[PDB]
Amino acid sequence: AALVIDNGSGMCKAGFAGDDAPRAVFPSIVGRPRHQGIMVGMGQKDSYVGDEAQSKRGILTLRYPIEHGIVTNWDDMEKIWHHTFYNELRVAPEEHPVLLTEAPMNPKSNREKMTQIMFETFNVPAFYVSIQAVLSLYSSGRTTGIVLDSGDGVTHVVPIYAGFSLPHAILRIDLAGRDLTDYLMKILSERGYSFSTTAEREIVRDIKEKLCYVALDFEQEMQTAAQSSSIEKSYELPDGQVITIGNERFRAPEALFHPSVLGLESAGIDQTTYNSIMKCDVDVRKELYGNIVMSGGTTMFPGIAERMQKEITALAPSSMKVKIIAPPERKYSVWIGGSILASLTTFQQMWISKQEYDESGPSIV
Amino acid sequence: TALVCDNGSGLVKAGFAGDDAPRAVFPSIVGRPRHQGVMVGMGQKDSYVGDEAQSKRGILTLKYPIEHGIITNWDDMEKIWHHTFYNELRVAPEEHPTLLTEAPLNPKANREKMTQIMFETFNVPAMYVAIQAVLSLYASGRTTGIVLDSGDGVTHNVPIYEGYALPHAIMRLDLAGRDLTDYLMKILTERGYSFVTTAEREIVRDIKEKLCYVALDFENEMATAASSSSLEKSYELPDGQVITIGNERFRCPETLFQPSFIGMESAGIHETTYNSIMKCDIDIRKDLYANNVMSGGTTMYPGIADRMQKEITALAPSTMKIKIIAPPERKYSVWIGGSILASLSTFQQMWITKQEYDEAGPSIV
Amino acid sequence: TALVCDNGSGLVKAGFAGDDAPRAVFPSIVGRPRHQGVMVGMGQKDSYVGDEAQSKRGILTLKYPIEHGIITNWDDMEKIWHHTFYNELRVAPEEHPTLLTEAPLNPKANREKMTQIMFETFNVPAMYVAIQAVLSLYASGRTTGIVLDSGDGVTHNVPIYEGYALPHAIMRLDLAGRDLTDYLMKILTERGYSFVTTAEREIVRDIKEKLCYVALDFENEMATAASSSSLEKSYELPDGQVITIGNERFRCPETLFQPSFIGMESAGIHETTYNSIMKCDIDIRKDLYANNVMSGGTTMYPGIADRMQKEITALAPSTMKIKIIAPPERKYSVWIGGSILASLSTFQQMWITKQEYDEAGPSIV
């Protein structure tokens with residue numbers, strides 16, 4: 001069996017081929033102690049990763065090596081893998097073929113460098129890197145389909161026509177699920193809401209998942225949040241404070257459709273789907289319109305598929321078959337696409353061998 | 001004409017849109033009697049607000065209804081809002097548009113409850129609630145910049161473009177006036193003294209205003225404390241005890257920069273500025289740095305602005321062009337910003353009418 | 001081999017490491033005769049420490065070196081420790097490594113002066129000072145949680161994250177087993193008594209230990225007082241005068257919730273936990289709420305466990321798991337926590353020896 005470790009910018013999932021559920025899902029945080037000391041519990045080890053590092057903030061300085069699905073620190077990315085193998089899955093890298101992923105339009109060298117570390121420090125018998133949207137599409141059982149990830153890290157639209165990405169429309173918005181939790185962490189303050197420590201900011205992340213939704217029409221909604229507490233839903237903060245959450249419930253996800261409320265004059269996810277589709281050839285366009293598959297964590301918000309269905313209908317011809325497909329598992333599809341791909345018998349000759357690595361080297365991909 | 005009323009955690013400032021400088025300026029206290037005794041020529045009185053709360057404190061227990069930026073208790077807020085019109089300002093609410101202030105970037109219900117009680121209990125013909133740090137930018141007479149509004153409860157770094165915050169960088173830290181006095185209280189007990197009543201905690205709170213200062217460099221200041229008595233500043237503690245305060249006098253107000261000093265897991269104010277700005281869009285940052293503005297209570301310390309220039313420039317890349325402004329009037333800046341804006345002809349349309357309450361209801365804004 | 005010695009404001013607890021219960025328990029009092037008082041049977045004597053000074057207190061000038069956890073006088077402190085070694089433990093300090101305790105807020109200089117004295121006069125091979133309540137969490141066998149260290153002379157709340165206490169949450173209350181011993185003395189004087197001669201000024205301390213309880217439902221228990229049933233419980237005095245103490249019995253530990261009984265405007269124990277867990281970080285709150293441990297001389301009174309259970313569940317709202325843990329040992333846990341830590345197989349690398357001490361000087365500890 002052969003592993004899959006999808007390098008989320010904030011959420012890394014590991015496991016094998018064949019498993020339906022991702023085996024090792026954790027906060028993709030490298031933690032190092034603020035004063036490394038002689039003993040156990042006292043901050044002893046030069047790096048932690050996951051839920052351990054997460055509670056241990058109080059002793060650590062936390063890092064996210066992966067920014068916008070582009071691994072901006074390798075000396076930390078490595079040591080995540082060294083925990084992901086030995087501490088999560090509790091296995092030795094040199095035994096299992098590994099499948100690991102990439103954010104679309106990855107600068108080749110950065111791929112080649114993942115390719116380097118995997119076979120060199122990690123000595124894994126085989127490897128293959130894989131595009132995030134394209135695996136999530138495989139977890140719908142499709143070849144064809146324009147896909148739009150919105151994860152923790154970065155938001156990415158790809159014209160996947162028949163199992164191939166068409167680069168020229170692979171659009172990115174760098175406002176995402178992190179900057180959405182942030183979008184909430186802005187707008188709760190003059191009800192005295194306290195989100196400012198990483199603990200508090202965690203709590204605002206939870207509220208984003210649980211209560212925040214995409215209104216079907218923003219302005220109409222607002223006036224219902226004015227007229228009635230219909231929107232207004234209470235929540236007990238971990239200390240015990242019965243708070244109530246209202247407009248922010250629909251205002252927080254809406255940065256995906258209006259990047260402007262964050263402060264980025266970028267096209268909304270809808271506008272960006274459309275603009276990716278037109279940037280493809282006329283016949284590619286038809287299926288893309290009918291097979292828009294949502295992926296990632298930030299595509300979870302109640303409202304989002306029905307809303308995308310509304311707006312892309314306004315944006316396309318009246319007689320154009322707009323059709324959204326969203327996985328209930330979309331925070332994990334990118335991993336599922338790994339596990340499926342590694343288990344695909346057909347694909348056993350498609351892995352990067354240790355042989356090719358040592359005859360031909362990192363550049364071959 | 002209109003009234004503007006800055007509700008602090010600790011000081012509540014109010015007056016008529018039109019003047020330069022506020023009329024009602026009182027502590028945000030609601031006291032309550034500790035024994036059935038008759039006041040000299042009064043009814044026993046159920047509670048005491050502001051000033052008579054302050055003087056009769058001994059036979060009392062004093063609650064402040066605003067903690068850390070949050071209005072927490074809502075009855076005790078009414079008693080404050082009452083004590084403005086019908087006690088301090090000598091006015092009847094229905095005569096006046098009123099304006100109040102709030103903690104950078106709002107949702108709804110706490111403002112609903114503010115808006116509600118205004119139009120119903122008091123019957124003010126109009127209300128507007130406007131942002132506390134953003135109103136200090138209005139007092140500073142510009143658009144863009146980063147504010148540090150730190151009163152009793154809650155500090156705020158607020159970066160601003162156009163009239164509004166670039167809010168994703170508005171770090172709170174609830175490290176501010178109150179816990180700064182708690183430090184002075186401890187470091188004088190440490191010094192060999194004691195304090196018991198809250199009146200005595202006022203006398204501590206007070207030595208903080210008169211004797212506590214911010215060095216440009218802590219390490220050299222600890223050195224000059226260790227060299228000469230020069231820093232020791234005595235003061236007659238009301239009873240008698242002309243007490244000496246030396247290295248403490250900086251070792252308390254330092255706490256913004258070092259929470260380590262009280263023993264809290266926060267990084268210092270100096271750094272939080274850099275991180276908020278790093279969290280923001282990258283070139284407009286230049287304007288933000290160029291207008292770092294300060295406001296509130298705990299910002300009054302002798303030396304804090306020039307030190308923010310030592311500190312923030314060592315954090316930021318050297319060519320950053322940082323400029324800290326901190327109004328000499330700074331306790332009242334949110335109100336100066338308020339009076340003028342409330343009195344502004346192009347803004348007269350933005351006020352919330354009585355009418356919009358009776359039709360649309362509390363969540364107007 | 002090693003020794004542990006714990007310095008209360010009333011009692012010193014010494015012994016060896018790895019013993020369950022203290023080998024030397026002696027009162028922190030140093031008495032000088034007020035005459036050249038020839039004890040017919042001994043020669044002239046200089047200072048009496050503890051038990052001899054306590055049996056002969058009449059002829060003396062008694063004084064306590066450790067006032068409210070802090071050391072105010074080092075002369076008396078030193079002769080106490082020579083006494084701890086050569087007389088009480090009967091040891092030669094240069095072969096037997098020593099461990100000591102300190103107040104939760106103890107100054108650097110204080111810690112260093114006890115490290116100066118331990119090496120430079122006594123010549124111990126290795127010495128440790130630890131931090132009082134934090135060691136009671138080590139007697140409770142955990143790294144994180146909040147400890148209510150309430151003694152003969154000092155009440156404290158200490159939240160420790162993974163070894164590090166966070167002092168902003170570390171509350172302190174100079175009203176404890178002493179303020180309460182004398183508070184028993186007075187409430188009996190008009191119960192109808194005159195604790196006149198010297199053993200009565202001490203049997204009032206004894207009746208405190210023997211009969212006191214922190215009654216749960218204190219209010220209806222006031223009606224139980226008024227309904228005078230067989231809560232009335234006589235005791236024989238050092239003579240035969242049966243004193244019946246029934247109501248004040250509980251109506252004295254009651255002062256730990258309401259300092260108004262003695263004339264302090266300060267908050268009670270329970271609140272001071274809530275405020276601590278409050279001034280602390282928000283994700284950590286949960287641990288603290290779930291690991292709230294009492295230790296020390298005031299905590300011995302029954303029902304105090306039940307009491308903090310229901311008190312903080314009323315104060316802190318309702319998604320939370322609360323757990324107050326009161327050990328059967330608790331009046332020595334600060335020592336038990338030193339002893340077992342000292343003997344730990346991983347602790348030898350915290351035994352700060354003379355080698356480190358001479359080269360680095362006092363600032364090594």
# chains A, B, ... in the order shown; residues from 1 in each chain; ligands from 1

$ interface_residues --of "chain A" --to "chain B" --cutoff "6 Å" --atoms "only C-alpha atoms" --output "list in words"
residues 182, 186, 187, 188, 189, 190, 191, 192, 196, 226 and 227 of chain A

$ residues_around --residues "residue 296 in chain C" --least-positions-apart "4" --cutoff "6 Å" --atoms "only C-alpha atoms" --output "PyMOL selection string"
chain C and resi 149-151+330-331

$ write_last_selection --atoms "N, CA and C atoms" --output "mmCIF file, in the first residue's frame"
data_model
loop_
_atom_site.group_PDB
_atom_site.id
_atom_site.type_symbol
_atom_site.label_atom_id
_atom_site.label_comp_id
_atom_site.auth_asym_id
_atom_site.auth_seq_id
_atom_site.Cartn_x
_atom_site.Cartn_y
_atom_site.Cartn_z
ATOM 1 N N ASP C 149 -3.620 28.108 46.452
ATOM 2 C CA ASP C 149 -2.679 27.909 47.535
ATOM 3 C C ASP C 149 -2.974 28.899 48.650
ATOM 4 N N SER C 150 -3.682 28.411 49.669
ATOM 5 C CA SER C 150 -4.165 29.202 50.781
ATOM 6 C C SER C 150 -3.633 28.677 52.119
ATOM 7 N N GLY C 151 -2.819 29.486 52.792
ATOM 8 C CA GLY C 151 -1.953 28.959 53.818
ATOM 9 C C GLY C 151 -2.351 29.487 55.173
ATOM 10 N N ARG C 330 -3.275 17.618 51.233
ATOM 11 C CA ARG C 330 -2.986 19.019 50.896
ATOM 12 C C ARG C 330 -2.202 20.014 51.770
ATOM 13 N N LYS C 331 -2.169 19.884 53.097
ATOM 14 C CA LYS C 331 -1.395 20.776 53.952
ATOM 15 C C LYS C 331 0.120 20.596 53.821
#

$ closest_residue --among "B:187, B:300, B:147, B:89" --to "chain C" --atoms "only C-alpha atoms"
B:187

$ closest_residue --among "B:73, B:144, B:343, B:61" --to "chain C" --atoms "only C-alpha atoms"
B:61

$ residues_around --residues "residue 352 in chain A" --least-positions-apart "5" --cutoff "7 Å" --atoms "only C-alpha atoms" --output "PyMOL selection string"
chain A and resi 126-128

$ select_by_dssp --residues "range 15-249 of chain C" --states "strand (DSSP E or B)" --output "NGL selection string"
:C and (15-16 or 24-27 or 30-33 or 40 or 42 or 48-49 or 60-61 or 66-67 or 70-71 or 98-102 or 126-131 or 145-150 or 155-161 or 164-165 or 171-173 or 233-235 or 243-245)

$ atom_distance --atom1 "CA of residue 163 in chain B" --atom2 "CA of residue 143 in chain B"
5.2 Å

$ interface_residues --of "chain B" --to "chain C" --cutoff "7 Å" --atoms "only C-alpha atoms" --output "short mmCIF file (atom, residue, chain, number, x, y, z; two decimals) with N, CA, C and O atoms, in the first residue's frame"
data_model
loop_
_atom_site.label_atom_id
_atom_site.label_comp_id
_atom_site.auth_asym_id
_atom_site.auth_seq_id
_atom_site.Cartn_x
_atom_site.Cartn_y
_atom_site.Cartn_z
N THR B 197 -8.02 49.28 49.79
CA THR B 197 -9.29 49.62 49.16
C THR B 197 -9.18 49.94 47.67
O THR B 197 -8.08 50.05 47.10
N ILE B 262 3.94 40.91 33.26
CA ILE B 262 2.87 40.48 34.14
C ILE B 262 2.80 38.97 34.14
O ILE B 262 2.27 38.37 35.07
N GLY B 263 3.34 38.32 33.11
CA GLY B 263 3.27 36.90 32.91
C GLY B 263 2.05 36.56 32.09
O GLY B 263 1.09 36.00 32.61
N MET B 264 2.05 37.01 30.84
CA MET B 264 1.01 36.72 29.87
C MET B 264 1.68 36.26 28.59
O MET B 264 2.69 36.83 28.17
#

$ closest_residue --among "A:171, A:245, A:280, A:157" --to "residue 204 in chain A" --atoms "only C-alpha atoms"
A:245

$ residues_around --residues "range 287-293 of chain B" --least-positions-apart "4" --cutoff "7 Å" --atoms "only C-alpha atoms" --output "list in words"
residues 144, 145, 146, 147, 148, 159, 160, 321, 322, 323, 324, 325 and 326 of chain B

$ write_last_selection --atoms "N, CA and C atoms" --output "PDB file, in the first residue's frame"
ATOM      1  N   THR B 144      -6.171  57.589   5.976  1.00  0.00           N
ATOM      2  CA  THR B 144      -5.378  56.409   6.213  1.00  0.00           C
ATOM      3  C   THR B 144      -4.473  56.510   7.426  1.00  0.00           C
ATOM      4  N   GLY B 145      -4.203  55.330   7.985  1.00  0.00           N
ATOM      5  CA  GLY B 145      -3.177  55.195   8.999  1.00  0.00           C
ATOM      6  C   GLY B 145      -3.420  54.011   9.913  1.00  0.00           C
ATOM      7  N   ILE B 146      -2.551  53.826  10.901  1.00  0.00           N
ATOM      8  CA  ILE B 146      -2.805  52.841  11.944  1.00  0.00           C
ATOM      9  C   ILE B 146      -2.887  53.456  13.332  1.00  0.00           C
ATOM     10  N   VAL B 147      -4.061  53.304  13.965  1.00  0.00           N
ATOM     11  CA  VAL B 147      -4.341  53.843  15.286  1.00  0.00           C
ATOM     12  C   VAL B 147      -3.902  52.874  16.379  1.00  0.00           C
ATOM     13  N   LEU B 148      -3.516  53.331  17.568  1.00  0.00           N
ATOM     14  CA  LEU B 148      -3.420  52.463  18.720  1.00  0.00           C
ATOM     15  C   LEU B 148      -4.315  53.143  19.738  1.00  0.00           C
ATOM     16  N   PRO B 159      -5.303  49.514  11.399  1.00  0.00           N
ATOM     17  CA  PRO B 159      -4.871  50.071  10.111  1.00  0.00           C
ATOM     18  C   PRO B 159      -6.040  50.501   9.231  1.00  0.00           C
ATOM     19  N   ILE B 160      -5.972  51.644   8.553  1.00  0.00           N
ATOM     20  CA  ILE B 160      -7.120  52.307   7.949  1.00  0.00           C
ATOM     21  C   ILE B 160      -6.767  52.779   6.542  1.00  0.00           C
ATOM     22  N   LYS B 321       9.654  54.289   6.553  1.00  0.00           N
ATOM     23  CA  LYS B 321       9.046  55.614   6.695  1.00  0.00           C
ATOM     24  C   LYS B 321       7.835  55.578   7.629  1.00  0.00           C
ATOM     25  N   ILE B 322       8.215  55.439   8.896  1.00  0.00           N
ATOM     26  CA  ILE B 322       7.247  55.259   9.960  1.00  0.00           C
ATOM     27  C   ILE B 322       7.089  56.615  10.626  1.00  0.00           C
ATOM     28  N   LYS B 323       5.861  56.936  11.017  1.00  0.00           N
ATOM     29  CA  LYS B 323       5.582  58.175  11.717  1.00  0.00           C
ATOM     30  C   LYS B 323       4.396  58.011  12.653  1.00  0.00           C
ATOM     31  N   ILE B 324       4.755  58.054  13.943  1.00  0.00           N
ATOM     32  CA  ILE B 324       3.816  57.936  15.058  1.00  0.00           C
ATOM     33  C   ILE B 324       3.214  59.290  15.451  1.00  0.00           C
ATOM     34  N   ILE B 325       1.891  59.477  15.495  1.00  0.00           N
ATOM     35  CA  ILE B 325       1.298  60.717  15.953  1.00  0.00           C
ATOM     36  C   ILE B 325       0.520  60.313  17.195  1.00  0.00           C
ATOM     37  N   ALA B 326       0.515  61.146  18.228  1.00  0.00           N
ATOM     38  CA  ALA B 326      -0.245  60.847  19.426  1.00  0.00           C
ATOM     39  C   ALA B 326      -0.754  62.164  20.002  1.00  0.00           C
TER      40      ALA B 326
END

$ closest_residue --among "C:221, C:202, C:271, C:162" --to "residue 137 in chain C" --atoms "only C-alpha atoms"
C:162
